[PDB]
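Engineer: Before I ask anything, here is the structure I am working with.
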Amino acid sequence: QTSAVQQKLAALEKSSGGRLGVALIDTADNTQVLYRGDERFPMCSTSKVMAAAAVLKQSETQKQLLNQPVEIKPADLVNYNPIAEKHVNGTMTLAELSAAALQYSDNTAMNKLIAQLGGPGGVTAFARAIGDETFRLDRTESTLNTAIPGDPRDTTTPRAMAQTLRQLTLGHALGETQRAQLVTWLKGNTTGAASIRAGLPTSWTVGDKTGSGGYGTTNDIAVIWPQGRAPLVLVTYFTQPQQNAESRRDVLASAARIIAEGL
């Protein structure tokens with residue numbers, strides 16, 4: 001029952017200190033389970049999925065767009081840029097910047113993707129054009145991770161991001177080669193081993209993007225191909241009242257366990 005899952009999520013949330021948002025879509029019957037599904041949460045690095053997908057859309061009609069070299073200037077470096085810092089005063093392709101933003105959550109690469117889309121408003125505009133009316137991106141890295149309570153900048157709801165994640169990876173928001181590329185990048189993420197993945201059996205396939213930021217904000221959005229059933233889309237947002245709160249990736253694993261076991 002969806003409701004059993006709710007009680008367990010609510011109980012999880014009380015023990016968490018913080019505020020939990022969940023949104024599951026089960027594509028076997030298109031059922032939805034929601035916990036705080038229409039409450040806004042700071043998106044942090046999970047936003048990078050939208051930036052990369054928007055650039056992929058651009059590439060549907062600028063054929064060679066992803067192989068074009070983009071200059072990495074000293075002014076482009078931000079804190080936590082493990083991939084791009086190794087290319088300062090050099091070049092990366094929008095493909096390499098996509099992979100770095102998605103699979104290592106590189107913030108300099110994210111800012112390059114945002115810049116390629118014409119700024120925060122350019123990412124938001126792509127969300128609007130795929131029917132995501134809730135997503136809003138308002139700032140660049142790394143200041144978009146401030147996750148200040150009650151600030152609607154750089155937020156979405158779990159319901160909106162699960163709907164959009166399905167659109168991008170299993171629906172028709174992107175072209176076929178672009179959709180495959182996006183799914184290949186998410187499946188190759190390196191930073192989500194302790195989040196949703198750690199709540200799921202290892203035989204299941206997972207494409208995911210983690211997020212982290214201020215106020216102990218710990219997020220994950222995933223696409224999940226279990227054995228023996230249609231894929232699932234699971235969004236797990238978590239933030240805390242203290243600005244210096246510690247990340248709680250285990251809480252997201254617990255949320256995913258609750259879901260894999262009860263649905």
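Chain labels A, B, ... are given in the sequence in which chains occur in the structure tokens; within each chain residues are numbered consecutively from 1, and ligands are likewise numbered from 1 in the order shown.
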What lies within 12 Å of range 101-106 of chain A using only C-alpha atoms, ignoring chain neighbours under 2 positions off, as a PyMOL selection string?

Structural biologist: chain A and resi 44-53+76-86+94-99+108-114+141-142+181-193+207-213+221

Engineer: Using only C-alpha atoms, which protein or nucleic acid residues come within 10 Å of residue 229 in chain A? Drop anything in the same chain fewer than 5 positions from it, and give the result as a list in words.

Structural biologist: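 These residues fall inside the cut-off: residues 26, 27 and 28 of chain A.
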
Engineer: Keeping only C-alpha atoms, write the selected residues to a file as an mmCIF file, in the first residue's frame.

Structural biologist:
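What ended up in out-v6.cif:
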```
data_model
loop_
_atom_site.group_PDB
_atom_site.id
_atom_site.type_symbol
_atom_site.label_atom_id
_atom_site.label_comp_id
_atom_site.auth_asym_id
_atom_site.auth_seq_id
_atom_site.Cartn_x
_atom_site.Cartn_y
_atom_site.Cartn_z
ATOM 1 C CA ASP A 26 6.143 3.257 -11.068
ATOM 2 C CA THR A 27 5.917 2.943 -14.844
ATOM 3 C CA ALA A 28 4.349 -0.523 -14.653
#
```

Engineer: Could you give me the residues within range 42-235 of chain A that DSSP places in strand (DSSP E), as a PyMOL selection string?

Structural biologist: chain A and resi 42+69-72+90-93+155-156+205-213+217-225+232-235

Engineer: Return as a JSON list (two decimals) with C-alpha atoms, in the first residue's frame the full set of residues in range 23-59 of chain A whose backbone-based DSSP assignment is alpha helix (DSSP H).

Structural biologist:
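Below is the file out-v3.json, written as the result:
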```
[["chain", "number", "residue", "atom", "x", "y", "z"],
["A", 48, "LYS", "CA", 22.72, 19.77, -13.34],
["A", 49, "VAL", "CA", 20.59, 17.09, -15.03],
["A", 50, "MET", "CA", 18.42, 19.84, -16.51],
["A", 51, "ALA", "CA", 21.40, 21.91, -17.68],
["A", 52, "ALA", "CA", 22.90, 18.88, -19.42],
["A", 53, "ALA", "CA", 19.56, 17.86, -20.95],
["A", 54, "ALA", "CA", 18.92, 21.40, -22.21],
["A", 55, "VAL", "CA", 22.31, 21.43, -23.95],
["A", 56, "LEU", "CA", 21.53, 18.00, -25.41],
["A", 57, "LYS", "CA", 18.35, 19.54, -26.84],
["A", 58, "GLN", "CA", 20.45, 22.28, -28.46],
["A", 59, "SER", "CA", 22.55, 19.53, -30.07]]
```

Engineer: Which polymer residues have any atom within 9 Å of an atom of residue 243 in chain A, counting only C-alpha atoms, with same-chain residues fewer than 6 positions away left out, as a CSV table (one decimal) with N, CA and C atoms, in the first residue's frame?

Structural biologist:
```csv
chain,number,residue,atom,x,y,z
A,146,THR,N,23.2,27.4,-1.6
A,146,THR,CA,23.0,28.0,-0.3
A,146,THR,C,21.9,27.4,0.5
A,147,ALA,N,20.8,26.9,-0.2
A,147,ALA,CA,19.8,26.1,0.4
A,147,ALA,C,19.2,26.8,1.6
A,148,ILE,N,19.0,28.1,1.5
A,148,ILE,CA,18.4,28.8,2.7
A,148,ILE,C,17.0,28.5,2.8
A,214,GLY,N,24.2,23.6,1.3
A,214,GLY,CA,24.1,24.2,2.7
A,214,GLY,C,22.9,23.6,3.4
A,215,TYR,N,22.8,23.9,4.7
A,215,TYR,CA,21.8,23.4,5.6
A,215,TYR,C,21.6,21.9,5.5
A,216,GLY,N,22.8,21.2,5.4
A,216,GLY,CA,22.8,19.7,5.3
A,216,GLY,C,21.9,19.2,4.2
```

Engineer: With distances taken over only C-alpha atoms, which residue among A:93, A:217, A:61, A:124 lies nearest residue 236 in chain A?

Structural biologist: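 Result for the nearest residue to residue 236 in chain A: A:217.
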
Engineer: Got a sec: who's within 8 Å of residue 157 in chain A, counting only C-alpha atoms, leaving out chain neighbours fewer than 6 positions off, as a PyMOL selection string?

Structural biologist: chain A and resi 21+37-41+134-135

Engineer: Would you put the residues from that selection into a file with C-alpha atoms, as a compact mmCIF listing (two decimals), in the first residue's frame?

Structural biologist:
```txt
# COMPACT_ATOMS: atom_id res chain seq x y z
CA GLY A 21 10.54 15.11 0.11
CA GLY A 37 5.48 16.04 -3.12
CA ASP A 38 4.45 19.64 -3.86
CA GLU A 39 6.76 21.31 -1.32
CA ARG A 40 9.73 23.21 -2.71
CA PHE A 41 13.26 22.01 -1.86
CA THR A 134 7.87 24.29 -11.25
CA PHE A 135 11.64 24.11 -11.80
```
